[PDB]
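Colleague: To start, I am sharing the structure in question, which I have written as structure tokens.
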Amino acid sequence: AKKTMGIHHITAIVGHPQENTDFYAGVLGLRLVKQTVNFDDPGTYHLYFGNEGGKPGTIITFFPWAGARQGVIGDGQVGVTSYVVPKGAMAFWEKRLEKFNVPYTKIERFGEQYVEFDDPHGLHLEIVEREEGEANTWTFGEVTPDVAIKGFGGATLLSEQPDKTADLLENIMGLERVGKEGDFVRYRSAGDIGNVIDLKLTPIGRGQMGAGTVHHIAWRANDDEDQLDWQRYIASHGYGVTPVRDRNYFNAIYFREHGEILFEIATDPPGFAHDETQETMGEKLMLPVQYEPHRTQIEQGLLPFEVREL
Ligand SMILES: [Zn+2]
């Protein structure tokens, strides 16, 4: 079958863009690498945060719509998004969360210690220390390369049918089974980031779509050719798959897996530096060219916000 390097990006519906940004840039120190709009709804932001380069495996993306049409975290969703930091950096993050009045808990699984906390709109996050994965050199506030979030450590999936999700991850998608512990089976992809995928083995009841939930998880393809191969393979192995959609910073295909999680395969190229320079990406509102004749309509409707140090 096929083999993905790991997570490309994760996409979530959240609340006010300023609140979202104050958390992901202000607290977590991630770079806003692209501000654009939702391809489907031009009157809604689509914000992309990541490491200094917005590299695949570091990219968290948001549809911020203020007013919180709140969903419920449950089966058929990514339950927890995992962020990896350098070895020894746990205390930096614990003290920083405390400074910002963000409660956290400490849990252990598979011999690793995790800091668990929620973002302002209810998404479940965690931080884990690992040597693997390139340092994030985006300096923002007190966040420096020796402590900065390097990207995703992985994610924890809540599946309506965990046996089917496991079969997909291991036997179709080429992830290696690490083992089982507690209520989890763990899988590892071959990349050095976005690579540790935990699957909860007992269903906790179906989630509800809406704000404060993860919308989908995207897995990496090396290039357009690899993605086309994925489309052919996935469609012939028991799933519905969309046509390729050009999202400007990558091409995308989507398929809902049997545990009801929405998966995506996204190409590593071209990335976020091809309609803005690497040094300025994230600074201007970029639009799908189809909407450039409505820039006035579009901007008039978007809430202002700024990336700011807290
Ligand atoms: Zn996506």
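Residue numbering: from 1, along the chain as shown.
Header says: X-ray crystallography, 1.4 Å.
Cβ coordinates are placed from backbone N, Cα and C, and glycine is handled just like the others.
Here's the feature list from Swiss-Prot:
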DOMAIN    6-130  domain 'VOC 1'
BINDING   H9, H216, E264  Fe cation binding site
DOMAIN    151-268  domain 'VOC 2'
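Give me the structural setting of these features: burial, nearby parts and distances.
Modeller: Shown for the domain 'VOC 1' (6-130): DSSP residue counts in helix, strand and coil, namely 21 helix, 57 strand, 47 coil.
Over all protein chains present, the Cβ of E264 (Fe cation binding site) has 21 other Cβ atoms lying within 10 Å.
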Colleague: Taking the Cβ of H9 (Fe cation binding site) as the centre, count every other Cβ atom within 10 Å, in any protein chain shown.
Modeller: 26
Colleague: Under a criterion of Cβ-Cβ distance under 8 Å and sequence separation of at least 6, what residues of the same chain contact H216 (Fe cation binding site)?
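Modeller: The list for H216 (Fe cation binding site) reads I10, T11, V78, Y254, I261, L262, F263, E264, given in order along the sequence.
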Colleague: Which residues, in sequence order, are found in the same chain with Cβ within 8 Å of the centroid defined by the Cβ atoms of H9, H216, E264 at the Fe cation site, excluding those residues themselves?
Modeller: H8, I10, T11, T61, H215, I217, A218, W219, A252, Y254, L262, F263, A266
